[PDB]
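Peer 1: quick check, what structure comes out for this input:
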Amino acid sequence: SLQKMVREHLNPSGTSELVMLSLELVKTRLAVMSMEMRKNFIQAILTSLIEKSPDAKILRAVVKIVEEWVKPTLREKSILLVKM
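Peer 2: Numbers count the residues shown, from 1 in each chain. Please see the structure below:
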């Protein structure tokens, strides 16, 4: 669902922030349980916001996501950071 809705929103709503605020829960829990397959989708989606750019507010939210995230190893953590 999140991938498809992000893809549709990428063609041109605030629901894009809310959908990620779902996975934020598991990120809070351990953030390590199911990375093997998620990581690719996560990086692609999060960099989708870095591109395009009309998503100023969700951009403002992802920084909060990472700010909590810092305390997912160094590479997985900085791959998005360097781009953004």
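
Peer 1: C-alpha only now, for contacts and for neighbours.
Peer 2: Noted.

Peer 1: which residues are in contact with the spatially most central residue of the chain?
Peer 2: The C-alpha lying nearest the average C-alpha coordinate of the chain belongs to residue 46 (C-alpha atoms, centre = their mean; 3.9 Å). Counting by C-alpha atoms under 8 Å, 6 or more residues apart in numbering, residue 46 makes contact with residue 80.

Peer 1: separation between it and residue 81?
Peer 2: Note on residue 46: its distance to residue 81, by C-alpha to C-alpha, to the nearest Å, is 10 Å.

Peer 1: for this structure, what spans make up the helices?
Peer 2: Assigned by DSSP state H, the chain shows helices spanning 2-10, 15-29, 35-50, 56-69, 74-83.

Peer 1: for the first one, buried residues please.
Peer 2: Okay, so that is helix 2-10. For helix 2-10, burial by neighbour count (16 or more other C-alpha atoms under 10 Å) applies to 2, 6, 9, 10.

Peer 1: relative to residue 31, how far out is the residue of the chain most remote from its centre?
Peer 2: Farthest-out residue of the chain from its mean C-alpha position, per C-alpha atoms, centre = their mean: residue 12, at 18.9 Å. Distance, residue 12 to residue 31, by C-alpha to C-alpha: 31 Å.

Peer 1: check residue 48 too.
Peer 2: For residue 48, the distance to residue 31 - C-alpha to C-alpha - is 21 Å.

Peer 1: burial measure for residue 72, as a count.
Peer 2: Per other C-alpha atoms under 10 Å, the neighbour tally for residue 72 reads 15.

Peer 1: let me see the contact set for it.
Peer 2: Residue 72 neighbours (C-alpha under 8 Å, 6+ apart): 31, 32.

Peer 1: separation between it and residue 44?
Peer 2: For residue 72, the distance to residue 44 equals 16 Å [C-alpha to C-alpha].

Peer 1: same thing with residue 65?
Peer 2: Distance from residue 65 to residue 44, by C-alpha to C-alpha: 16 Å.
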